[PDB]
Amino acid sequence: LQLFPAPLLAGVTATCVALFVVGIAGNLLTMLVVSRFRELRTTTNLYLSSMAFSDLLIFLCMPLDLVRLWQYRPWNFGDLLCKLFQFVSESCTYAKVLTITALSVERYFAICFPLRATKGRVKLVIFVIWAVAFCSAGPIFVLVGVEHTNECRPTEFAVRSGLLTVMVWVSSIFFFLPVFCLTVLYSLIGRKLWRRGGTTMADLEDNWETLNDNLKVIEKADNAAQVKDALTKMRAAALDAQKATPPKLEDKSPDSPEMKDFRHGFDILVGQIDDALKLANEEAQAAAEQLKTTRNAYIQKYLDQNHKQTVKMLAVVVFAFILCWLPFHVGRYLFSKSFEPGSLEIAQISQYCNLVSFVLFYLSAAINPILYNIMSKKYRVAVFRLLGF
């Protein structure tokens, strides 16, 4: 009994085809980047790659969604399709949710408890996630169907035995998990990142990242008569970088490495900067190269440094996930509260809500690589360098 004009459906379908193409392309790019370069295979990235895979699966779901969208009369075998593919879609959703959770959890202990002490661990957790998600979505196979509107919805057997309400429990738990991750875990992350002794943990990262970028840019690019300003920035950043407290110290050491690390790093920065300043007024590039090796010889010795961009990008990611998934849940609750009353206009509202949930579903499947491209510079360079050497 659908009330969507042909122009509206055509626009939805074209948008969805667009999302199909862009999302396949981008999630493929993400998975390839992770599998290609060794340094990018951090725990967080492996989880993201898992999610990229779930997104690809969702895109394979899309064609039958579009078919069902345009059908006036569903197929005889359609019931099975419904069951199977609803299961598929929701399995993926659950898996992605859990991956986010795992991810967030395993970043959380990575910052708030730096002191806590593996390969195959990540594979095991991914496998655990997929099995748990399959089991949690299992019931869908036996609770939704197509009965004598006329759509892939929960059957009456599901309604009149309570099983619908336990599946809504499961769905709501799964919805609140990423909300918990963004609101509670990411906020505790951000606390520890922006907590005071001379400066904060995030300011360490920015300063350290500012000093290296200036030196590395000039060492291999942007040749000019005077790069002393970059040398000045390096000195200032190195100066502030001493005021911070690296993670291995645990900020419980007033002077035992506070004297060791401050003296050693500041000394290497100091003397090299003074010699670089003299050559800058008048071999300067070689002095910068020599300064670099001491940094690697000391920075690697007592230090991830991407803790801030990682958390901020994960925040945007989890936010977009929850946004796209919110209208479904909200509409479901508000329309469950009024079932029989006013079944005329509320039906129109419900179909439009389901349509926006549809488009949002596939948008969520496509959006993460776009975010990565806009926010991660490392991601950009890795897609640039993907087919090289």
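Residues carry their position along the shown sequence, with the first being 1.
Going from residue 196 to residue 197, you skip over 1 to 3 residues of the deposited sequence that the entry leaves unmodelled. Judged by mean Cα B factor in the deposited record, 5-13 ranks above the other of 365-373 and 5-13.
Of the two stretches examined, 344-352 and 57-65, the record assigns the greater average C-alpha temperature factor to 344-352. The top Cα temperature factor in the record, among 100, 284, 82, 112, falls on 284. Comparing the listed residues 233, 107, 123, 153, the entry records the largest Cα B-factor for 233. Ranked within its chain, residue 241 lands in the highest third, by CA B factor from the PDB record.
Annotation for residue 212: CA B-factor lies in the highest third of the chain's modelled residues.
In this PDB entry, the Cα temperature factor of residue 96 sits in the bottom third of its chain's modelled residues, the lowest group. When the modelled residues of the chain are ordered by C-alpha B-factor, residue 175 sits in the lowest third.
Sort the chain's modelled residues by C-alpha temperature factor and residue 77 lands in the middle third, per the entry.
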